[PDB]
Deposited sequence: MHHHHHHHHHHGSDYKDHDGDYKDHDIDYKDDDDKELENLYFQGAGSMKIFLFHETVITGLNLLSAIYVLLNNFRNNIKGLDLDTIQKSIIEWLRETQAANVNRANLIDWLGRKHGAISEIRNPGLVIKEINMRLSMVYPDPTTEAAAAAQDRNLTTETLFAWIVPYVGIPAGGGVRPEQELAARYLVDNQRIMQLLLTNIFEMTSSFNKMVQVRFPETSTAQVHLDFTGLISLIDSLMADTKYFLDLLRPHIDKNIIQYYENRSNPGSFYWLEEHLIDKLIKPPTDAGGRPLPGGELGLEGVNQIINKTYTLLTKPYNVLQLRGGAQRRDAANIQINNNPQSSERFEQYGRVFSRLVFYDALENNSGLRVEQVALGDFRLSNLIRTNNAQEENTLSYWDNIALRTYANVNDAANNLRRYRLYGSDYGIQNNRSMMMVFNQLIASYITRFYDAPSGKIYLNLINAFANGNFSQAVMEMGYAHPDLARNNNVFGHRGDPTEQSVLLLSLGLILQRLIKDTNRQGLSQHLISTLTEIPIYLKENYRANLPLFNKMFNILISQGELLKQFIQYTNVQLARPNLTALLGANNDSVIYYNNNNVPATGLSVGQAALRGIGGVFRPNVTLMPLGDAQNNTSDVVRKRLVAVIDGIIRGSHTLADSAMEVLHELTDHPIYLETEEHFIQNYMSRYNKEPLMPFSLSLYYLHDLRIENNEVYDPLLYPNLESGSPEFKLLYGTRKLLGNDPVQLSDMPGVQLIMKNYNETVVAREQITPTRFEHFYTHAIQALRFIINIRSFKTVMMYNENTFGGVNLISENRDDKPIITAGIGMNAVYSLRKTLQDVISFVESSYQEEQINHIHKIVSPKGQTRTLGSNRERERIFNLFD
């Protein structure tokens, strides 16, 4: 009964979770199927009357099936918005410098294609219909969602799902699923094996309840939907890969070009025509804005597309260190009062008017600004916050030494090598140029770390630093144990995202040009930050930009921020070098902090045993109750619970490294820390898994017993599946702009028509941890009365 729960039900829940993710992945990729979208648009133009040529009619069309051409789940997401200013996507193909380019929108294109509806006598596609298939599709949105979905899915660990680039004639991108497929076969075989073994001792009704194909989440239901209709054919996984490749190829292929000039008086007049003499850059869709947003920010949109409201510096716990010298000295952090005479605001107006752009926070995890740079800086913020003990006012030096005194000593000790996230009030974030490899750290966090390394008391001794581990409080070492692995894994997720983006940029022909930013925004060609007819030069000499009294500004030209520039400063080659530079900076910082986290962890006497709620919990439980606490592997599946949604994006507080020692969330993280990691898990690292095995073999006779190799194999496959699922939904997905993506879908439901893992309803087949609260799980472990918990199961 207990063993059945721990083997059959656990394996069925894990396989069902794998199916949910794979099926949602399939639906998303089908939703971004560019081959179908283009062919359907051409068919629409072939079969539509001239009067019905409008975006509404096409949206209705794509929502329907037309012969072999499949419907699209969400037509409006992949067709350009009606008023999308076309110069926002196609670089200067456009003349953004006029008030006539303003009347040039997708509406103009729909008005331009009216005369080229219908089929020529030959039956072949019109050239205009091929141009319409290109220019009417929101290609940038497709590329963004495709990249994000792939990046959520990519699972190089355990060689599960590997994104390989075979650069042949097609712009080839392949998702090798062999590892995940072999793992699915393995867990299905193990699930069937324990079913066969336990059939004689379990009620026939229970076995049929977990086997009958009509019951969702049963073994044979999975054998139908997960294997027969997904892994090995409905659209199979290899067909999904085909659509991924074809879509990416179609996104990056050469096309014929239109001359997008227009605007007689309104948006239904066309100076548009075929351009049979195009520049090379126009034959290719450009995705510089998309990649920019993925890395740091998309400067073209309001506030560079970020959520950056000016807040008092004291919103952050460590605001007293957003400073320039010791606490007892006179602060010099200020802002430019007048640029003509280069005067600084005085102490009072500086301390009262200075605001921080809220790109990170101390009280929450990653919940906004899911770009690589801002995720990176928010992780640093939480890092310093969690490990700086306020009552003592100390942080362990080895945590930050390599970062602030080593690889990133420039961003912390020198000025200009950080993004300026401080300014006087009534100065919005605005439209901001590209950072460099050396300005991916937020200036505010750099100043904090500078204060952490350098601050000294009146006797010259270090103010904030503890030099030896022996003097770290106990609970803080517990916090180390539980949170440092999360920090390492997350900085490595950033590294993996950056390296994979680099492989896409390098091993495919994608063009990464930006539009004519200065024309669209009306900014100066020397402007490094522009917002509402204010031009911030690369010197940073603008009223309100942060500065240091008596020394100068926080901007270093050609380092802090690049000019936003015109189309010529926004070519695919240029933006390519800029994106890769920012990526490399993120990667270097993440490597350094991750190595430091592991270094401090290695110095600690860390022997994680599965579901110890705290140090020495097992031995003390044995001492008090003379028995070994129940720690079934099933409880780890609690992490498969529904993620939290905020502003349509998932996050997971349970699996964010800001947890506090002794809390229930912390106890789960402390118990499952090696299980969440990437290291092999031996069966002695899970003592309750070994005890349930021994207790079942003591009852059954030789023929029906289990080998420590069959148990080791099942659980190796149980570990891998759980890690694959968790790494998708709670990490890769959470650390990226994930709206309209598959990674964060709920795996659980109380409706069996909704999900194959059914909790608290007709068809309920979920493990104990998915039907109960976290407190129930922790007490499941820490209760003396084991018989009543076994009675629960």
Subject >> Missing segments of the deposited chain sequence, listed N- to C-terminal >> reply: 1 to 49, 142 to 143, 285 to 296, 857 to 883
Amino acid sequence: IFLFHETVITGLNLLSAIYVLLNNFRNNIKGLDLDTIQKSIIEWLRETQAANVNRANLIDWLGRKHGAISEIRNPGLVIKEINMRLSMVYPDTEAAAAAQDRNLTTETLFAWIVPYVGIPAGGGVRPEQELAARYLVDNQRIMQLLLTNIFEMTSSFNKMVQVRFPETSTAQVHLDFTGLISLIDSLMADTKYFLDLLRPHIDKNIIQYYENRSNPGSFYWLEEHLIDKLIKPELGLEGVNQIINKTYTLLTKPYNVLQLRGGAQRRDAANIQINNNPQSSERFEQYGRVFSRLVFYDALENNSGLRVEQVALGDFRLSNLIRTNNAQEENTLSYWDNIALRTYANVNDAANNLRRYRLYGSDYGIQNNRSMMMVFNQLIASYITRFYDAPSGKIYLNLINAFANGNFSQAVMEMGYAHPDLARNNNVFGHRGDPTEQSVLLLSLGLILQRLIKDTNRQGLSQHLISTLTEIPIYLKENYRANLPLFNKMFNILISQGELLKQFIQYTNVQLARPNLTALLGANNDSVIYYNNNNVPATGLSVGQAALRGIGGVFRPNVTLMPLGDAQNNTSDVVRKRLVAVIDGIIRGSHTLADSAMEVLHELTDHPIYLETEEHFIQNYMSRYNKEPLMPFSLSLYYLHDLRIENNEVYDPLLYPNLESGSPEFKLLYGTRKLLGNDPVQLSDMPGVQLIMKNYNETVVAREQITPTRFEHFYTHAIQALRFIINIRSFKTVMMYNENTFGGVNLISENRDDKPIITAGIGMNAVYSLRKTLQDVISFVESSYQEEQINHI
From here on, numbers count along this sequence of modelled residues.
Original post:
Which is higher on average in the deposited entry, the C-alpha temperature factors of 55 to 63 or of 29 to 37?
Top reply: 55 to 63
Original post:
Where do the C-alpha atoms have the higher mean temperature factor in this entry, in 143 to 151 or in 675 to 683?
Top reply: 675 to 683
Original post:
Which of these has the highest Cα B-factor in the record: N426, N331, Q100, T249?
Top reply: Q100
**OP:** Would you mind checking which of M373, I493, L521, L484 has the top Cα temperature factor in the PDB entry?
**Re:** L521
Subject >> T385 - which third its CA temperature factor falls in, relative to the rest of the chain >> reply: middle
Original post:
Going by what the PDB entry lists, where does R723 fall on CA B-factor within its chain: lowest, middle or highest third?
Top reply: lowest
Subject >> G553 - which third its CA temperature factor falls in, relative to the rest of the chain >> reply: lowest
Original post:
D642: which third of its chain by C-alpha temperature factor?
Top reply: lowest
Subject >> Ranked C-alpha temperature factor of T10 among modelled chain residues, by third >> reply: middle
